[PDB]
Structure formats: structure tokens, C-alpha cells
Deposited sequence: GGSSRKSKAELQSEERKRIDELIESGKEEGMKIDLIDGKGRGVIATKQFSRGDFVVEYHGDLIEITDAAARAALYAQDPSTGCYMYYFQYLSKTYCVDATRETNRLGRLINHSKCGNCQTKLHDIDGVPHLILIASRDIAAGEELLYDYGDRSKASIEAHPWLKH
């Protein structure tokens, strides 16, 4: 197999890698830390390249089916027990991350000026919410993403608006 691996082949391999990490729940390259002037967050312990899978946002998947419940989701503010939500294949889902686990995605802080972005990842039709590096990230940096990145698109599509 000496032929140069395609950009497509690499993405296919990374999809397979991600499926397995999501299956295993193995998490490498991050730790909880205490940050001076902020408190608890999650930091990189190794380098991440722009576009690298960072962590799954792991918790309990809940499907939401009525307009009122959707409004309740959409009207949320990033600041506690914020329930991250998304649209997938004409369904609405949120992830309840309130159970205490060892899975670290739930502990990554919110920022409008972050270094990670969310992405949906399909495993046999089941959407998984993962975090991806928006740029090169150094060991030692706090991981941050925008909790509100999907709100505007969700709100605009709501039947009551």
C-alpha cells in the first residue's frame, strides 16, 4: 500500500478512529485544570492541529418533539446546567450532561472567542456531537467553544417566529 493516501482516505480513516473513541470512551490529550482568574476548565495536554477531533460532547441524548419544548431549548442562555441542542435529519435533540462522569467534553467552558467548534458525526444514523479544533492548539491552552453556535439557525426555523 505505497500509494499516497487521499484527503478523502484520511477523512475516512479519521471517521473510523472517531467511531472507536466514541465506542471506547477513551479520551487523550486533555485534563481538567484550575485556571487563575476563572476556576475550572479543560486544557490541552498535547498539540492539536486545525481540524483534529478533540473530544465527544458526551452525555444523555434526548429527542425533543413538541414546539413548546423546542422554544424552551432555543430560548436558553449559555450562562447554568445549559442543555446543548442541535437539529439532525428533521429531529431536535439535546444532550443532558448533568450526570457526573469522567468524560471531559461536558466540562469545556463557553466562549465567543474559542478555539474549538462543534460538529455532528453520524454513527449508523445516530448523531454524535463532537468538538473539533478550529485552529492549531498548543499543549497548555484551555479548550473553549461557543455554546450558542446553533441557536440562531434553530430559533429562525421555529414555527412560532
query: Deposited-sequence stretches lacking C-alpha coordinates, listed in sequence order; finding: 1, 81, 164 to 165
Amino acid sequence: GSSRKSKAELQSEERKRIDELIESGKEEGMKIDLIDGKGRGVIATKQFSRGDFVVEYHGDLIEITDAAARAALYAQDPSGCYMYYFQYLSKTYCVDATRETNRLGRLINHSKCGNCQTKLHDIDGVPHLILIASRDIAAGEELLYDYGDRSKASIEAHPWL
From here on, numbers count along this sequence of modelled residues.
query	finding
Stretch with the higher entry mean CA B-factor, where the candidates are 29 to 37 and 100 to 108	29 to 37
Residue range whose averaged C-alpha B-factor is higher in the record, 145 to 153 or 6 to 14	6 to 14
Residue, from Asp122, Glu56, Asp136, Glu63, that the PDB entry assigns the highest Cα B-factor	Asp136
CA B-factor ranking of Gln87, expressed as a third of its chain	lowest
Cα B factor band for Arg70 (lowest, middle or highest third within the chain)	middle
Cα B factor band for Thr118 (lowest, middle or highest third within the chain)	lowest
